[PDB]
Each structure stands twice: as structure tokens, then as C-alpha cells.
file input-v2.txt (compact mmCIF, C-alpha atoms)
# COMPACT_ATOMS: atom_id res chain seq x y z
CA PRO E 1 -61.88 6.99 -63.61
CA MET E 2 -58.28 5.82 -63.89
CA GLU E 3 -56.85 6.00 -60.33
CA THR E 4 -56.72 2.59 -58.68
CA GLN E 5 -56.25 2.06 -54.95
CA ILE E 6 -54.03 4.31 -52.82
CA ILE E 7 -51.85 4.01 -49.80
CA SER E 8 -52.90 0.64 -48.33
CA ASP E 9 -55.31 -1.47 -46.34
CA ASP E 10 -52.55 -2.25 -43.83
CA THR E 11 -51.74 1.39 -43.05
CA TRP E 12 -55.42 1.76 -42.14
CA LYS E 13 -54.89 -1.20 -39.81
CA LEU E 14 -51.91 0.58 -38.23
CA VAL E 15 -53.80 3.85 -37.74
CA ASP E 16 -56.75 1.89 -36.28
CA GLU E 17 -54.22 0.23 -33.96
CA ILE E 18 -52.75 3.50 -32.72
CA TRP E 19 -56.26 4.95 -32.35
CA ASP E 20 -57.25 1.98 -30.19
CA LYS E 21 -54.03 2.14 -28.14
CA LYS E 22 -54.59 5.83 -27.37
CA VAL E 23 -58.28 5.23 -26.57
CA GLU E 24 -57.39 2.36 -24.21
CA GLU E 25 -54.60 4.41 -22.61
CA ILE E 26 -57.04 7.26 -21.97
CA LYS E 27 -59.61 4.78 -20.60
CA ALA E 28 -57.03 3.28 -18.22
CA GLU E 29 -55.69 6.71 -17.24
CA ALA E 30 -59.15 8.05 -16.37
CA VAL E 31 -60.10 5.60 -13.61
CA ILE E 32 -56.89 4.27 -12.00
CA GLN E 33 -54.95 7.54 -11.86
CA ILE E 34 -55.50 8.55 -8.22
CA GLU E 35 -54.80 6.06 -5.42
CA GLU E 36 -52.58 6.93 -2.46
CA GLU E 37 -51.73 4.87 0.62
CA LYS E 38 -49.06 6.99 2.41
CA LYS E 39 -45.79 8.86 1.84
CA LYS E 40 -43.85 8.37 5.07
CA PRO E 41 -40.25 9.63 5.42
CA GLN E 42 -37.65 6.86 5.11
CA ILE E 43 -35.23 8.18 7.73
CA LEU E 44 -34.43 4.76 9.28
CA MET E 45 -32.43 3.57 6.27
CA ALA E 46 -30.83 0.58 7.98
CA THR E 47 -29.37 -1.02 4.83
CA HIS E 48 -26.65 1.65 4.95
CA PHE E 49 -25.73 0.79 8.56
CA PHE E 50 -27.79 -1.99 10.18
CA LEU O 1 -19.95 -5.78 29.32
CA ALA O 2 -17.74 -2.86 28.23
CA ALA O 3 -19.22 -0.62 30.92
CA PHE O 4 -18.88 -3.42 33.49
CA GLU O 5 -15.29 -4.25 32.52
CA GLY O 6 -13.86 -0.74 32.18
CA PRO O 7 -12.38 1.09 35.17
CA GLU O 8 -14.25 3.92 36.87
CA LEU O 9 -14.53 7.13 34.87
CA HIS O 10 -12.24 9.05 37.23
CA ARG O 11 -9.51 6.37 37.28
CA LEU O 12 -8.99 6.33 33.51
CA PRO O 13 -6.10 8.63 32.55
CA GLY O 14 -6.09 11.89 30.63
CA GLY O 15 -3.64 14.34 29.10
CA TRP O 16 -1.57 12.81 26.29
CA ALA O 17 -3.36 9.45 26.57
CA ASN O 18 -6.71 10.95 25.50
CA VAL O 19 -5.19 12.33 22.28
CA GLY O 20 -5.11 8.90 20.62
CA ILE O 21 -8.85 8.56 21.26
CA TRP O 22 -9.49 11.78 19.34
CA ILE O 23 -7.29 10.47 16.51
CA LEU O 24 -9.32 7.26 16.32
CA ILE O 25 -12.61 9.19 16.35
CA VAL O 26 -11.59 11.53 13.56
CA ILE O 27 -10.04 8.83 11.37
CA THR O 28 -13.16 6.70 11.78
CA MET O 29 -15.48 9.47 10.71
CA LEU O 30 -13.23 10.40 7.76
CA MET O 31 -13.15 6.80 6.51
CA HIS O 32 -16.89 6.26 6.91
CA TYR O 33 -17.86 9.55 5.26
CA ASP O 34 -15.47 8.94 2.36
CA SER O 35 -16.85 5.43 1.87
CA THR O 36 -20.44 6.69 1.98
CA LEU O 37 -19.73 9.57 -0.41
CA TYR O 38 -18.02 7.20 -2.84
CA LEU O 39 -20.77 4.58 -2.65
CA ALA O 40 -23.75 6.94 -2.95
CA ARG O 41 -22.26 8.93 -5.85
CA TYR O 42 -22.45 6.07 -8.38
CA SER O 43 -25.95 4.83 -7.51
CA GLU O 44 -28.83 6.18 -9.58
CA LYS O 45 -31.60 4.99 -7.26
CA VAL O 46 -31.42 4.70 -3.46
CA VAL O 47 -29.32 1.51 -3.59
CA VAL O 48 -28.74 0.57 -7.26
CA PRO O 49 -25.01 0.68 -8.14
CA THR O 50 -24.46 1.57 -11.79
CA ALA O 51 -20.73 0.72 -11.81
CA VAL O 52 -17.96 -0.77 -9.65
CA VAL O 53 -16.42 1.52 -7.03
CA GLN O 54 -12.66 1.26 -6.42
CA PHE O 55 -11.70 4.64 -4.97
CA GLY O 56 -10.43 5.94 -1.64
CA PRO O 57 -11.42 3.56 1.16
CA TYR O 58 -12.46 1.10 -1.57
CA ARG O 59 -8.82 0.74 -2.66
CA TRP O 60 -7.90 -0.34 0.89
CA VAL O 61 -10.85 -2.42 2.15
CA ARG O 62 -13.57 -4.01 0.02
CA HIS O 63 -16.31 -3.19 2.57
CA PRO O 64 -15.27 0.13 4.14
CA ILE O 65 -18.51 1.36 5.74
CA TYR O 66 -18.77 -1.89 7.71
CA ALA O 67 -15.14 -1.66 8.84
CA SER O 68 -15.65 1.98 9.84
CA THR O 69 -18.72 1.07 11.90
CA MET O 70 -16.85 -1.67 13.75
CA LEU O 71 -13.87 0.68 14.25
CA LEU O 72 -16.33 3.06 15.89
CA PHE O 73 -17.22 0.39 18.44
CA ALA O 74 -13.53 -0.51 18.82
CA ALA O 75 -12.66 3.08 19.68
CA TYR O 76 -15.65 3.08 22.04
CA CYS O 77 -14.31 0.03 23.88
CA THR O 78 -10.92 1.76 23.98
CA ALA O 79 -12.53 4.87 25.53
CA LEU O 80 -13.76 3.23 28.77
CA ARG O 81 -10.63 1.00 28.66
CA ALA O 82 -12.33 -2.40 28.17
CA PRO O 83 -10.34 -4.47 25.62
CA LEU O 84 -12.25 -7.69 26.40
CA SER O 85 -15.49 -6.23 25.07
CA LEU O 86 -13.51 -4.95 22.07
CA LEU O 87 -12.50 -8.53 21.27
CA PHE O 88 -16.04 -9.86 21.75
CA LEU O 89 -17.58 -7.26 19.42
CA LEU O 90 -14.76 -8.15 17.02
CA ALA O 91 -16.00 -11.74 17.06
CA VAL O 92 -19.75 -11.14 16.82
CA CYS O 93 -19.68 -8.14 14.47
CA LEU O 94 -17.16 -9.94 12.25
CA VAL O 95 -19.40 -13.02 12.09
CA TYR O 96 -22.67 -11.26 11.20
CA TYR O 97 -21.03 -8.62 9.05
CA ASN O 98 -19.05 -11.21 7.09
CA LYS O 99 -22.30 -13.11 6.50
CA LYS O 100 -23.96 -10.01 5.04
CA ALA O 101 -20.76 -9.17 3.13
CA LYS O 102 -20.75 -12.64 1.55
CA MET O 103 -24.40 -12.30 0.52
CA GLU O 104 -23.89 -8.81 -0.94
CA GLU O 105 -20.62 -9.79 -2.63
CA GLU O 106 -22.11 -12.87 -4.30
CA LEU O 107 -25.05 -10.77 -5.51
CA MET O 108 -22.92 -8.05 -7.13
CA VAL O 109 -20.40 -10.56 -8.50
CA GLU O 110 -23.33 -12.30 -10.21
CA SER O 111 -24.72 -8.97 -11.41
CA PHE O 112 -21.41 -7.42 -12.54
CA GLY O 113 -19.01 -10.25 -13.42
CA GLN O 114 -15.35 -9.67 -14.21
CA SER O 115 -15.10 -6.07 -12.95
CA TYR O 116 -15.64 -6.78 -9.26
CA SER O 117 -13.67 -10.00 -9.77
CA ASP O 118 -10.48 -8.16 -10.73
CA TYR O 119 -11.29 -5.51 -8.12
CA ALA O 120 -11.42 -8.17 -5.39
CA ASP O 121 -8.18 -9.57 -6.80
CA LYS O 122 -6.72 -6.07 -6.38
CA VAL O 123 -7.91 -5.79 -2.75
CA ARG O 124 -8.25 -9.19 -1.09
CA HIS O 125 -8.33 -7.78 2.46
CA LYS O 126 -12.05 -7.65 3.09
CA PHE O 127 -12.57 -5.88 6.44
CA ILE O 128 -9.26 -4.98 8.15
CA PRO O 129 -6.11 -3.89 6.23
CA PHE O 130 -3.83 -6.97 5.93
CA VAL O 131 -5.32 -8.65 9.02
CA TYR O 132 -8.30 -10.42 7.43

call {"tool": "encode", "arguments": {"input": "input-v2.txt", "output": "C-alpha cells"}}
result
Amino acid sequence: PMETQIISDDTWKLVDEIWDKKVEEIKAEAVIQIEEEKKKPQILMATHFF
Amino acid sequence: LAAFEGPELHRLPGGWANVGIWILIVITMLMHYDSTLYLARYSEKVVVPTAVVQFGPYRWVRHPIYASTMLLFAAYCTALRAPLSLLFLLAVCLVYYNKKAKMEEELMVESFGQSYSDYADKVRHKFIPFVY
């Protein structure tokens, strides 16, 4: 053998980071995605007139 | 008070005296619609102005929608022929509307800086053309 180490140990840290960010984003997206209170028409826009 | 003060609806004149009323109505709705169309064109969100507006009614009066709204009531007090109510709405609407104009103006002067400063230097007259 003659080949020493290759790309890095820090690039593995970066790819672990992006893996964890995507996993956490999926985890957050799965459970807090749907919540609805109301969508009422805003047809008394008083800040234009009153 | 305007309905109380004004003469009875059959005693108020017609003919060529009711043609000025139509003129006031149409000029009011032109000024207000122009002011609204100029104000709402530059805002990305519902009320978030991206830039400083200085066109049309904005090159005459710094707060044109407000002036147009009061001019609507002024023409209304002219319609039933009650000038005293016209003066009283002048007082009260001017007071409240100047308060809100001061709050809005200080906000957007803080948020914009020199642009609205030189714009207000260009048009000092805040509500009525060269009256106030």
C-alpha cells in the first residue's frame, strides 16, 4: 500500500451535518405541517380608509 | 347635524346649481382612485411600500387618500346645503387624520430616510393644496 488518506475528515463532518439537517427538516415537516385555524375574507380593510 | 342644519330637500335649488355638485363628486372619485392606484402599485405585500411615491395626487398633496375622503364629506355637506357641519367635520377629521398622518409619516421617514425628506420638501402642503 502507498495511498495515504483521501479527501478529509472535515468533509465527512460537513456531509454528516447536511444529512442531519435534512433528517431534522423531514422530522419537523412530518408532524407540524397541517394546522389550520381559519381563512376569513379580509374585506373590511380599514387601514386604507378608516 | 348636517341633516338638521340643511334646508328641506324641496327648497334646495336645482338646474345649474346642481352641476357643481356633480363636478365635486367626479373630481373626488378621480383623485381618490388615482391616489389608491398609485399607492397600491408600489407595495409588494398588502401594505408594505417598497419605494417612495411622488406621482399624480402625490405631487400635489402628501396624503391624498385622506384628503379625498374628507372632500367626499365636504361635498356631502354641500349637497344638503349645511356649511356649518362642513366646518365641524373639517375640524374633527383634520385633527384625527393629522394625528394618524403624523404617526405614519414619522414611521416611513424613519424607515426610508432622505427620499421622503426631499419629497416632503417638494410638497409641504399636507392635506389641502396651499391651505394647510

call {"tool": "atom_distance", "arguments": {"input": "input-v2.txt", "atom1": "atom CA of residue 96 of chain O", "atom2": "atom CA of residue 23 of chain O"}}
result
27.1 Å

call {"tool": "closest_residue", "arguments": {"input": "input-v2.txt", "among": "O:7, O:66, O:83, O:33", "to": "residue 99 of chain O", "atoms": "all atoms listed in the file"}}
result
O:66

call {"tool": "interface_residues", "arguments": {"input": "input-v2.txt", "of": "chain O", "to": "chain E", "cutoff": "12 Å", "atoms": "only C-alpha atoms", "output": "PyMOL selection string"}}
result
chain O and resi 32-33+35-37+39-40+46-47+63-70+93+96-97+100-101+104

call {"tool": "write_last_selection", "arguments": {"input": "input-v2.txt", "atoms": "C-alpha atoms", "output": "PDB file, keeping the file's coordinate frame"}}
result
ATOM      1  CA  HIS O  32     -16.890   6.260   6.910  1.00  0.00           C
ATOM      2  CA  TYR O  33     -17.860   9.550   5.260  1.00  0.00           C
ATOM      3  CA  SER O  35     -16.850   5.430   1.870  1.00  0.00           C
ATOM      4  CA  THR O  36     -20.440   6.690   1.980  1.00  0.00           C
ATOM      5  CA  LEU O  37     -19.730   9.570  -0.410  1.00  0.00           C
ATOM      6  CA  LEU O  39     -20.770   4.580  -2.650  1.00  0.00           C
ATOM      7  CA  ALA O  40     -23.750   6.940  -2.950  1.00  0.00           C
ATOM      8  CA  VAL O  46     -31.420   4.700  -3.460  1.00  0.00           C
ATOM      9  CA  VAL O  47     -29.320   1.510  -3.590  1.00  0.00           C
ATOM     10  CA  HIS O  63     -16.310  -3.190   2.570  1.00  0.00           C
ATOM     11  CA  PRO O  64     -15.270   0.130   4.140  1.00  0.00           C
ATOM     12  CA  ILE O  65     -18.510   1.360   5.740  1.00  0.00           C
ATOM     13  CA  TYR O  66     -18.770  -1.890   7.710  1.00  0.00           C
ATOM     14  CA  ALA O  67     -15.140  -1.660   8.840  1.00  0.00           C
ATOM     15  CA  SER O  68     -15.650   1.980   9.840  1.00  0.00           C
ATOM     16  CA  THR O  69     -18.720   1.070  11.900  1.00  0.00           C
ATOM     17  CA  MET O  70     -16.850  -1.670  13.750  1.00  0.00           C
ATOM     18  CA  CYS O  93     -19.680  -8.140  14.470  1.00  0.00           C
ATOM     19  CA  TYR O  96     -22.670 -11.260  11.200  1.00  0.00           C
ATOM     20  CA  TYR O  97     -21.030  -8.620   9.050  1.00  0.00           C
ATOM     21  CA  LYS O 100     -23.960 -10.010   5.040  1.00  0.00           C
ATOM     22  CA  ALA O 101     -20.760  -9.170   3.130  1.00  0.00           C
ATOM     23  CA  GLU O 104     -23.890  -8.810  -0.940  1.00  0.00           C
TER      24      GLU O 104
END

call {"tool": "residues_around", "arguments": {"input": "input-v2.txt", "residues": "residue 49 of chain O", "least_positions_apart": "4", "cutoff": "12 Å", "atoms": "only C-alpha atoms", "output": "PyMOL selection string"}}
result
chain O and resi 38-45+53+104+107-108+111-112

call {"tool": "atom_distance", "arguments": {"input": "input-v2.txt", "atom1": "atom CA of residue 94 of chain O", "atom2": "atom CA of residue 127 of chain O"}}
result
8.4 Å

call {"tool": "closest_residue", "arguments": {"input": "input-v2.txt", "among": "O:61, O:21, O:75, O:91", "to": "residue 125 of chain O", "atoms": "all atoms listed in the file"}}
result
O:61

call {"tool": "atom_distance", "arguments": {"input": "input-v2.txt", "atom1": "atom CA of residue 86 of chain O", "atom2": "atom CA of residue 25 of chain O"}}
result
15.3 Å

call {"tool": "residues_around", "arguments": {"input": "input-v2.txt", "residues": "residue 3 of chain O", "least_positions_apart": "5", "cutoff": "10 Å", "atoms": "only C-alpha atoms", "output": "PyMOL selection string"}}
result
chain O and resi 8-9+77+80-82+85

call {"tool": "residues_around", "arguments": {"input": "input-v2.txt", "residues": "residue 24 of chain O", "least_positions_apart": "3", "cutoff": "10 Å", "atoms": "only C-alpha atoms", "output": "VMD selection string"}}
result
chain O and resid 19 to 21 27 to 30 71 to 72 74 to 76 78
